[PDB]
Amino acid sequence: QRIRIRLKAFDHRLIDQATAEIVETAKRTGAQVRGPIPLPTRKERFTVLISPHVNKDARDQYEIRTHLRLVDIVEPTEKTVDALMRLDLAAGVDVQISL
Amino acid sequence: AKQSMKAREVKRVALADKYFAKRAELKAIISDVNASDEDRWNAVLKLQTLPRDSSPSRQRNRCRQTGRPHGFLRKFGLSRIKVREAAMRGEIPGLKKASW
Amino acid sequence: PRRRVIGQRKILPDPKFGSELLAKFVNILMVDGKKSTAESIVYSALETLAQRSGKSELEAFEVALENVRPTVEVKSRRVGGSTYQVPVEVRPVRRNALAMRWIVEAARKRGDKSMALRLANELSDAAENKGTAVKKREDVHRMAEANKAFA
Amino acid sequence: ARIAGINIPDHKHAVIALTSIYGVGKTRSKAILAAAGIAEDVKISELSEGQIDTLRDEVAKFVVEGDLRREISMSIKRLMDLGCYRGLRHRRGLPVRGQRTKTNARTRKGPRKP
Amino acid sequence: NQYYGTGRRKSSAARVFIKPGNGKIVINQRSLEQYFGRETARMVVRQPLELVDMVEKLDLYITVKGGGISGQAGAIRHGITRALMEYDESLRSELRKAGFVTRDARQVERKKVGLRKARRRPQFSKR
Amino acid sequence: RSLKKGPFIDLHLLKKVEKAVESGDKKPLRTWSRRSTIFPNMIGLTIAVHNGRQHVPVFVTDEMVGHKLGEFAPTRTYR
Amino acid sequence: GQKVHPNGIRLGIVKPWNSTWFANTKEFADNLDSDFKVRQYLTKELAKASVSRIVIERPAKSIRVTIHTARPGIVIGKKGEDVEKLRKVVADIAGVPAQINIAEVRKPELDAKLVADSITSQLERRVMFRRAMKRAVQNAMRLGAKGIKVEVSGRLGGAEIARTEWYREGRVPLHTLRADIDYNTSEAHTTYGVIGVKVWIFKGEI
RNA sequence: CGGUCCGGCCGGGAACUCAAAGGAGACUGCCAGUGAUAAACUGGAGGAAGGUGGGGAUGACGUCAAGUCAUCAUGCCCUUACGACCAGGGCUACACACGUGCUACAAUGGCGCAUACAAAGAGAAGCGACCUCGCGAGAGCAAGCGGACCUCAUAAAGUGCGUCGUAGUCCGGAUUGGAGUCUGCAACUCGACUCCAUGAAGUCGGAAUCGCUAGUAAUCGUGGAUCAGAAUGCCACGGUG
């Protein structure tokens, strides 16, 4: 049918490297690649008190940005499927394979 | 927190996994269903014979490192102080100071 | 502004008449950022204050302002250990601002039903050289004439 | 005019005039006017006497009048004579429904006294 | 042909397509009077094609998202100015002097820690 | 203000009450279950309800049915 | 005044994270706790191995740990039996299969963690604090550091009233985010309480 | 541009909004004048932006033996108790005084009907649609959604029409009585919410005092953390202004 790949990471350079690796794996296999479409970034935020006792007015605001990429292959030759299903990507990147 | 407080939390988690996972879910199901035995389902009396610590509502989220019962964050499982300590040392992935 | 010399912000003209005076009047009458609520009041008051006289609207509003506009006011001063009141000459922009603010506070201190009616009556009184806005202008001029020695 | 609820309602919109009865709020007033067949925006004047008799016939279904005062007095008296927690809170003029007494009990305690 | 211009304000972004000749204005499949019941919002939208004499000389097709009444009206004004400069490019000086080519960058200031609002600080007691 | 799926009563107190009514008049019932609802079969018995330090004797009457036991044992001393 | 943590303020700017995995909310706290336990065990076991930094990354269904140490032969040992024993228990702590790499710290005199550890060890050996601080500063500066300052605090030399002392050489621009500032701390547990040591090492910008 | 149940919905298109990665752009760079021919300052052009463009993070040496031994770590005392387990109670008391807020005293408003325009977020022992039942809180059944897709989720001030007509009122909602819903072993002390009923003070606040310089104050809604349940607090978001 068709395979879409959802990539998640906290660093955007890492997710871009992973997406580049994926599109090279696919195009060098001879499949067609739709993407990579940059999906909106989900940035969680946290506000914590930096004092051990009181001092509520003293706080630090932290955040975690989750970067999203979507890669679609329209006709996934068996070559493409079993090529990408054994790709080696960075540790901080989460990859989903939907069929 | 004291050692006894952490031991209490551990025991409560264990009891909640043992009983309320299946038995108390069944009993509360019998209690909430309107179609079943509107007179003597007997489930209400059996729900109180179970240990109290088996109720998940009696668990208190404490920092996984210190046991602090206040300022907890479910995302990290730590209190605000230990969250900040780990964040500044670069031990929480992706977390950094925010500005906008 | 200890050192700050400051410019001027862009006030938009009135949608109905195209006057900056009426726009600032609506701004002064506005509360809680409800500009549409204040514009209806000002327009109803100007309409009601139009048929009475006969000189359209803008003209009636300016005639009402001419009687409330203060020429000279007193500025408190602490030099000789007591309340000095030096009568200073009012600038035209501050003149219009004071006139409009006085008319609004006088209309809000009235017993009529709606703010449109209160405004219409206050403006008609001002055109007739009476009311509480003209009263306040005469109070200010009186206080200036009393302290003319301190110019 | 006058209703089975002795009280005399003012001559104004029927939905609001019927509120003067002790025990009839806005919802019950609307329900009375609906079950009777009278519009809500009509004054008490312009109402025929046959229409006021109709309103009386409908308000007779509710316990809304010194009768209701009696039922409320009976409940508070039962609470006080029972000696329960709410009975004691009623005896001492203190808030009954868990409100704080450190500050802000001025409706039950009245004007403050040093 | 269509001359396009993108206008923006606080949270709004208007897509304005102008075409040669008529007095028609359509905002989001609605007329100007239907879309803007506030007369200031209509005066702001009509404002740029008044310095340049266009009564029934340009047809406007507008869509706008985000923001409120005034933000959307300012975004439409900005987009109309941009489309007019795309259409003639000699009207640049007039729309500059009027102040319409400037993007109003006034955004809502964020809420800060320890303050009740962007600048509103809590009530201070000394003694 | 508990749902309408039946009132609550602690089971130990329930069995104590049945044993007390089936065996005839007895001594006051010492209990800590201030949260139990007073049932009609408790009319006539005197339940000693804990209030924090003592067990306050509460002679149950028909007018008390529906209340919780702790409603008749004040926990705070104020003079 | 209180200063921002110089490491955390530069995370993503010029400083990398010590934990580089991705996880959702479900496994985030579990991974954090497991990383904490792994780092704790490794710091306790390799106390005499000059371990300066423990980087933890979690591939798909495993964990690999990189130990930055200035004594790699001690961590590895004869025929790697020691690092094998370390891996076999890191795998138990983390639950998933484990892998351990050893990264050498070529210049221990330029690592803030190792300098702080050296100073705290000297303080616990009853060595004069001024001497230790100046030796650390000199060793770091003669090895090409652009700047260094170390600071010790709390009952120095057994004093009844605590005191904070700091020595500074070169350039330490804590307000420049482009500045590569290596910062770490350590505590000396003495007979008179805790003495906290802080070290800043500046290694240039960009 | 074709088709259309008029719904970007479906062929399609890659233009535009937008998404998110890279780049450009602002430097007193240019012009004029002043100025020790210096640094700079005043104005102008151009430009989306002009003079550290707006906001944030960033807090020097030190001061207050300032706060925290109750996050944590750490250099006298207890130890069949100053340790540990349990049930109930208390932290929620109440003559009173203070700080910080919310709601008001109304007509720039209350109520009724109709209708318009956001942004930012959260969600798997979770968010939970549609439909049915209930006056309602909710209940039953049961999709979709680890989510630019599904759900929370109807923005509200606003606008149109009607009414109220200055009164302790169709303002105000306190308090109290009755009847319920949900969470939870369990709502008595001591939960939140709904319905019916009741309708305190309050008609703009003494001495005094606070915040705020522009998308700011003022006002209007929205979301999140903690959390089984329990926000008028906190943290954030946009509308009008």
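In what follows, chains are A, B, ... by sequence order, proteins preceding strands, each numbered from 1. All heavy atoms count here, side chains included; hydrogens, waters and symmetry mates do not.
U42(H) and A32(H) make up a base pair, with Watson-Crick or G-U wobble contacts both under 3.5 Å. Shown here, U194(H) forms a base pair with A179(H); the pair counts as Watson-Crick or G-U wobble because both key distances fall under 3.5 Å.
In this structure, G25(D) reaches the sugar-phosphate backbone alone: every heavy-atom distance under 4.0 Å involves primed, P, OP1 or OP2 atoms, never a base. Within the 4.0 angstrom heavy-atom criterion, no nucleotide atom of any strand lies near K46(B). Among the protein residues, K112(E) comes within range of the sugar-phosphate backbone only, with heavy atoms under 4.0 Å from sugar or phosphate atoms but none that close to a base. Across all strands, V64(E) comes closer than 4.0 Å to no nucleic acid atom at all (heavy-atom distances). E44(A) comes within 4.0 angstrom of sugar-phosphate atoms only, judged by non-hydrogen atoms across all strands, and of no base. Among the atoms of the strands shown, only primed sugar atoms or phosphate atoms (P, OP1, OP2) are found under 4.0 Å from some heavy atom of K35(C).
Because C1'-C2'-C3'-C4' is positive for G88(H), its sugar is assigned to the north class. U108(H): sugar pucker south (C1'-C2'-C3'-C4' torsion negative). A positive value of the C1'-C2'-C3'-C4' torsion places the sugar of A157(H) in the north (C3'-endo) family. A positive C1'-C2'-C3'-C4' angle places the sugar of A230(H) in the north (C3'-endo) family. A negative value of the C1'-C2'-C3'-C4' torsion places the sugar of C10(H) in the south (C2'-endo) family.
The neighbouring residues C82(H) and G83(H) do not form a stacked base step, as their six-membered rings are not both less than 5.5 angstrom apart at the centres and less than 30 degrees apart in plane orientation. For the neighbouring bases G223(H) and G224(H), a stacking contact is recorded, both ring-centre distance under 5.5 Å and ring-plane angle under 30° holding. The six-membered base rings of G12(H) and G13(H) sit with centres under 5.5 Å apart and planes under 30 degrees, so these neighbours stack. Adjacent in the strand, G136(H) and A137(H) form a stacked pair, their six-membered rings being closer than 5.5 Å at the centres and less than 30 degrees apart in orientation. Under the rule of centres below 5.5 angstrom and planes below 30 degrees, the bases of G35(H) and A36(H) are not stacked.
For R108(D), the side chain to side chain contact (heavy atoms under 4.5 Å, CB included) partners are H90(D), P95(D), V96(D), not counting sequence neighbours.
Counted by atom type alone, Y61(E) and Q29(E) present one or more donor-acceptor pairs between their side chains at under 3.5 Å.
Counting atom types as modelled, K2(B) pairs no side-chain N or O with a base atom of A84(H) as donor and acceptor under 3.5 Å. Residue side chain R97(D) reaches the base of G177(H) through a donor-acceptor N/O pair under 3.5 Å, judged by distance alone. For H13(D) against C170(H), a side-chain N or O and a base N or O form a donor-acceptor pair under 3.5 Å. Evaluation of atom-type donor-acceptor distances gives no pair under 3.5 Å for the side chain of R120(E) against the base of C210(H).
Residue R76(F) has a polar side-chain atom (N or O) positioned under 4.0 Å from OP1 or OP2 of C91(H).
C85(H) and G162(H) are not base-paired, meeting neither the Watson-Crick nor the G-U wobble geometry with both donor-acceptor distances under 3.5 Å. Applying the 3.5 Å cutoff to both bonds, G62(H) and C161(H) do not register as a Watson-Crick or G-U wobble pair.
Between the side chain of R110(C) and the backbone N or O of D112(C), no donor-acceptor pair lies under 3.5 Å.
A salt bridge is defined here as a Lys NZ or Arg NE, NH1 or NH2 lying under 4.0 Å from an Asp or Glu carboxylate O, and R30(E) with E33(E) fails to meet this definition. Using a 4.0 Å cut-off between charged side-chain N and carboxylate O, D11(A) and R13(A) make no salt bridge.
Between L39(A) and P1(C), the one whose closest nucleotide on RNA chain H sits nearer the 5' end is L39(A).
Legend: side chain to side chain donor-acceptor pair (under 3.5 Å) pairs involving residues 68-79 of chain F, not counting sequence neighbours, sorted by first then second residue: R53(F)-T77(F).
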